[PDB]
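Below you'll find the structure, written out as structure tokens, and then a few comments.
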Amino acid sequence: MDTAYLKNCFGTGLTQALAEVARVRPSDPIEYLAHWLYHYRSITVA
Amino acid sequence: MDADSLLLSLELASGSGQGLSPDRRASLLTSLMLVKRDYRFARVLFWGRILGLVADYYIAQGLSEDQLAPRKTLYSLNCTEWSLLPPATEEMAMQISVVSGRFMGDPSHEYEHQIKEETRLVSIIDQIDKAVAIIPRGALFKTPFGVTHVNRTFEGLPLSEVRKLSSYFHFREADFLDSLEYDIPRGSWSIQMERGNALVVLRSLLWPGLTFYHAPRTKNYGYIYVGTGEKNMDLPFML
Amino acid sequence: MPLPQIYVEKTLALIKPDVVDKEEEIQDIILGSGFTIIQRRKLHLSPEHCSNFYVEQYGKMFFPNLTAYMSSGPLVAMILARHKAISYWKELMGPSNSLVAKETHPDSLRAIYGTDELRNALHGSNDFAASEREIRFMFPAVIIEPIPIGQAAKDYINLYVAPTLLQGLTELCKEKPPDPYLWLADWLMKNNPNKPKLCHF
Amino acid sequence: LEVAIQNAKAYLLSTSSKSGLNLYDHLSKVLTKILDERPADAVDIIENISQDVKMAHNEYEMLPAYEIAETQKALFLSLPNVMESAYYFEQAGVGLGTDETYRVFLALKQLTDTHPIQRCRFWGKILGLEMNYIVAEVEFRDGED
Amino acid sequence: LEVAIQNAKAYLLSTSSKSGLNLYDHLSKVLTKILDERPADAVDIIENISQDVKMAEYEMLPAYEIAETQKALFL
Amino acid sequence: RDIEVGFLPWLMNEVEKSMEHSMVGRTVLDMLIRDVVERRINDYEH
Amino acid sequence: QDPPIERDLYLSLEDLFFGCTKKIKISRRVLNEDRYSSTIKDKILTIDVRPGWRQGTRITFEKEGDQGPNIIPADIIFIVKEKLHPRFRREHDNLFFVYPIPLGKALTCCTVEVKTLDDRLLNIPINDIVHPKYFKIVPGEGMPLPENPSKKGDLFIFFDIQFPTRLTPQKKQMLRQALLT
Amino acid sequence: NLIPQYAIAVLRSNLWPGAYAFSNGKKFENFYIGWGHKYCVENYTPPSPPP
């Protein structure tokens with residue numbers, strides 16, 4: 001399967017993403033996920 | 001300096017002796033409140049004066065959330081009539097290098113070396129802010145959101161830390177800010193104690209007319225440039 | 001609720017543009033009564049916002065005056081919270097129709113500040129679930145409810161998030177792009193099923 | 001005890017006016033990450049890990065202090081020298097300060113400009129409970145308003 | 001999650017010998033001082049309340065001398 | 001292709017555990033509020 | 001198949017500056033399985049207008065427009081269009097203000113009073129001689145960019161000079177001594 | 001300037017910055033508050049040695 005590639009690539013990020021989205025329950029979860037992933041880079045890479 | 005420097009004569013309390021009359025002080029209080037209204041600045045500090053040969057440019061600076069932002073300058077000849085001065089760039093810094101002499105009151109004045117006096121005002125105010133705009137150590141706290149805010153829990157410097165140039169910061173892009181101990185010449189800053197040594201006065205020698213106010217007992221501080229508006233290139237000779 | 005944990009009850013509370021001028025007295029009575037204010041905010045609901053805020057009841061409350069009285073100037077919304085928050089706030093308010101509250105409840109805030117049926121001085125949560133719905137509408141990104149620890153989070157994700165996230169990650173697996181997060185996030189923004197496609201040209 | 005503890009949160013849940021966060025959610029997140037990683041090093045990192053937690057259509061309202069400012073710019077746009085006289089008063093702790101004195105002086109200037117006055121003296125300031133008074137001794141030239 | 005909260009109580013804090021402080025006691029003092037009416041912006045203040053709880057006149061003698069000589073000005 | 005069985009089941013379990021850890025954090029915070037404030041009213045009146 | 005209806009909806013400058021929201025009631029020509037009815041299933045489509053959307057920005061709602069028995073509905077509510085204002089003309093992320101300056105104020109120091117889309121008021125100095133091609137750029141104070149709502153373009157202040165309609169012979173000598181020397 | 005019929009004539013030398021002269025029209029006084037230096041548009045040239 002393609003699990004191992006995406007095992008390495010994402011890992012903790014999607015977990016924190018949907019954990020925050022499920023906790024918040026926004027009106028648009030998908031846009032919230034995209035903005036959160038942007039912010040997640042803006043903390044991690046920088 | 002903030003509005004607290006305009007309810008009392010904090011400028012003349014520094015002993016530099018140049019400042020605003022109570023006429024100009026009350027007018028400036030009302031006008032900077034109206035500037036904070038018309039221009040949605042977080043704070044509106046009185047930058048100072050550029051003493052001209054016909055009239056003096058009363059200068060105000062807009063402060064954003066986000067205080068290290070490219071601060072927005074305003075000017076006024078009759079104090080109250082505030083007008084948004086344009087921002088500064090590198091070309092306009094290089095443009096005025098061929099010109100020397102005292103400022104003229106009319107900002108439409110032209111030099112043949114043409115060059116507008118407004119461009120001189122913009123560039124000289126930018127140069128003064130990049131060089132000698134003072135922040136005491138710990139007054140500004142770099143927020144985790146990529147933004148600088150007032151360190152609103154800032155207690156004034158201990159009297160041991162008063163005498164060090166390391167306890168004072170350049171109020172510009174870069175504890176995040178650059179300290180004054182690298183501001184060459186090494187003797188370029190004069191530190192003196194007035195008013196029972198409840199007052200630290202820190203004056204620029206490279207840009208005469210700057211006098212930075214600080215009360216060590218509290219968080220009352222600020223800088224004002226009331227002066228001629230030229231750079232003392234003679235500073236290493238004078239030290 | 002009978003956990004080790006202990007619980008805060010929360011309620012929405014609004015002031016209309018014909019009563020916002022008396023925001024300060026209303027907040028004084030709110031604080032003095034024992035409420036605690038979590039967050040303030042100044043609103044200005046366009047008619048689209050008004051249609052969405054009453055969406056649980058906008059399909060029956062066909063009152064253009066009711067949309068105007070939210071749109072004709074700013075609002076002052078608050079989260080209030082104290083012991084039995086919704087019932088105490090109801091007790092201060094009284095009947096929803098101010099024309100009844102004026103004569104029958106002298107102590108009511110709606111009698112003191114309100115005018116009539118549609119010019120009601122205050123609007124707030126009439127139900128705990130309604131409290132979560134209106135508070136999640138008006139003040140986004142404020143946690144108000146118990147966290148869905150168990151299967152409820154999985155159901156939420158499977159009903160809203162997974163039908164898009166699965167397919168987007170599947171295409172991300174076909175492409176194997178570099179720095180995969182751009183591909184995923186831009187894909188989610190572009191092909192959101194709950195939003196239209198935007199062509200910035 | 002119960003009312004005290006939920007009052008303690010409803011305090012702590014109060015959203016900050018600048019960051020948009022609240023201390024209760026922040027403390028939950030910081031305790032979550034602390035319990036996740038288990039620093040050993042637990043107390044020293046509490047500052048740095050707090051920085052790490054902070055790492056991860058708007059209306060505007062304004063105060064009643066600018067309607068006075070709206071009103072008082074007209075001040076700056078046959079009297080006595082009020083500042084001089086107040087300076088003599090100020091030599092024994094009498095007066096309103098230089099700022100308020102100059103503001104009243106410009107108000108008297110507006111009064112003199114408006115009406116045909118021979119002498120317009122700052123009579124005094126009678127203190128009040130809601131609003132004080134700024135009284136002006138006036139002597140008219142033509143007798144008309 | 002009763003075993004998990006039991007482990008949570010079990011940790012906080014097997015005392016860190018590097019400083020001798022406890023997360024329970026340190027955060028307890030931090031919250032105790034906060035519950036004396038810090039403002040709604042208290043979230044931005046815990047970074048130096050942590051410093052204060054972690055932490056828990058001769059320098060201005062030249063001020064008194066200048067004051068002392070200035071008595072003769074009006075005496 | 002068939003990631004619907006591969007990887008999302010793992011990630012749903014990780015969201016469940018991360019939300020459980022979050023709830024543990026919220027619980028520990030709540031015990032801290034109780035401990036501080038109960039120590040306050042009891043000792044303040046004595 | 002039948003084309004989507006390219007509906008035009010007008011947004012004033014403040015709607016595209018602050019990022020408003022809009023509702024557009026749609027047709028009732030939705031078909032059931034019988035393929036001869038005319039009913040409605042979703043009355044209203046909502047568009048979250050974000051700041052800086054330029055004119056011609058296409059917002060498309062697939063499977064929401066009118067539908068025949070054997071075609072896929074589609075609709076392009078809405079093409080971003082700009083209302084006339086008192087006054088800024090919309091260009092590529094820049095605002096173009098026209099100030100009817102009078103002559104005599106054009107040739108000397110002048111201050112231009114610009115209300116903005118933020119409900120902020122600007123006093124822009126004009127120390128140059130305002131001939132009828134002059135414009136001052138007030139940078140970083142236009143509308144927000146669609147790619148970055150934090151950043152905003154530049155405001156352009158053009159001038160429509162009002163020449164005098166009558167001059168005294170004294171005023172003719174006044175002007176001749178001033179300008180032609 | 002807002003009340004010109006009680007103004008005081010201010011003088012700014014521009015040769016010695018901080019030097020001032022004042023008069024109400026009857027009396028006068030002088031005051032220096034600068035660094036004690038003469039203004040010069042040109043930068044300070046150290047004087048050349050003797051030939």
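Reconstructed Cβ throughout: ideal geometry from the backbone, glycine too, with neighbour counts over all protein chains shown. Since every read-out is calculated from the coordinates, none of them should be taken as a lab result.
Observations on the structure shown:
- Scan of the range C:66-80 for residues that are over 13 Å from the mean Cα position of the chain (by Cα) and small (G, A, S), ordered by number: C:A68, C:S71, C:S72, C:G73
- Where F:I41 falls short, out of the listed (1) crowded, with 20+ Cβ neighbours inside 10 Å; (2) within 14 Å of chain D (Cβ to nearest Cβ): (1)
- Selection status of G:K22, touching a strand residue (DSSP E or B) at 6+ places or on another chain (Cβ under 9 Å), more than 30 Å from G:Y134 (Cβ to Cβ), in a strand (DSSP E or B) and away from chain C (no Cβ under 14 Å): no
- Residue satisfying all of: in the range C:148-161; hydrophobic (A, V, I, L, M, F, W, C) and buried (at least 19 other Cβ atoms within 10 Å of the Cβ); nearest to C:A185 (Cα to Cα) among these: C:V161
- Residue count for the range B:85-110 satisfying the condition of being among the aliphatic types (A, V, I, L, M) and outside any helix (DSSP H, G or I): 4.
Here's the yes/no breakdown for (1) surrounded by 17 or more Cβ atoms within 10 Å (Cβ to Cβ); (2) more than 19 Å from the chain's Cα centre (by Cα):
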position	(1), (2)
E:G20	no, no
E:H26	yes, no
E:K29	yes, no
E:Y64	no, yes
E:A72	no, yes
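- Some residue of the range B:152-174 being within 14 Å of chain D (Cβ to nearest Cβ) and not aliphatic (A, V, I, L, M): yes
- The set of residues in the range B:120-151 that are part of a helix (DSSP H, G or I) and within 11 Å of another protein chain (Cβ to nearest Cβ) comprises B:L121, B:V122.
- Some residue of the range A:3-21 being at the interface with chain C (Cβ under 7 Å from one of its Cβ atoms), touching a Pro at 6+ places or on another chain (Cβ under 6 Å), assigned to a helix (DSSP H, G or I) and under 22 Å from C:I143 (Cα atoms): yes
- Filter result (in contact with a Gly (Cβ under 8 Å, 6 or more places away or on another chain) and within 7 Å of another protein chain (Cβ to nearest Cβ)) within the range B:72-119: B:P87, B:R102
- Condition check for B:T30: surrounded by 20 or more Cβ atoms within 10 Å (Cβ to Cβ), facing another protein chain (nearest Cβ under 10 Å) and not in a loop (DSSP other than H, G, I, E, B): yes
- Count of the range G:62-101 residues which are within 14 Å of chain C (Cβ to nearest Cβ) and more than 22 Å from G:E33 (Cα to Cα): 7
- Yes/no for B:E161 being within 20 Å of B:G19 (Cα to Cα) and surrounded by fewer than 19 Cβ atoms within 10 Å (Cβ to Cβ): no
- One residue from G:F88, G:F97, G:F61 being among the aromatic types (F, W, Y), under 28 Å from the mean Cα position of the chain (by Cα), closer than 22 Å to C:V55 by Cβ and buried (at least 17 other Cβ atoms within 10 Å of the Cβ): G:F61
- Only one of C:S51, C:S72, C:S46 that is among the small types (G, A, S) and surrounded by fewer than 14 Cβ atoms within 10 Å (Cβ to Cβ): C:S72
- Residue count for the range B:137-167 satisfying the condition of being among the polar types (S, T, N, Q) and more than 13 Å from B:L177 (Cβ to Cβ): 3.
- Search result, residues across the range B:202-222 that are over 19 Å from B:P185 (Cβ atoms) and not polar (S, T, N, Q): B:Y213, B:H214, B:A215, B:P216, B:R217, B:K219, B:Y221, B:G222
- Cβ-Cβ under 8 Å pairs, at least 6 apart or on other chains, the range E:1-12 side at the interface with another protein chain (Cβ under 8 Å from one of its Cβ atoms), far side among the hydroxyl-bearing types (S, T, Y): E:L1/F:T27; E:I5/F:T27; E:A8/F:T27; E:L12/E:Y24
- Enumerated helices (runs of 4 or more DSSP H) restricted to the range C:130-201, each holding at least 3 residues that are facing another protein chain (nearest Cβ under 7 Å) and farther than 30 Å from C:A77 by Cα: C:162-175, C:180-190
- Selection of the range D:26-46 for residues being more than 9 Å from chain F (Cβ to nearest Cβ) and either assigned to a helix (DSSP H, G or I) or not hydrophobic (A, V, I, L, M, F, W, C) (or both) yields D:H26, D:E37, D:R38, D:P39, D:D41, D:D44, D:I45, D:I46.
- Single residue of G:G104, G:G68, G:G140 found to be closer than 20 Å to B:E81 by Cα and either part of a loop (DSSP other than H, G, I, E, B) or small (G, A, S) (or both): G:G104
- Odd one out for D:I49, checked against (1) part of a helix (DSSP H, G or I); (2) among the aliphatic types (A, V, I, L, M); (3) under 30 Å from the mean Cα position of the chain (by Cα): (3)
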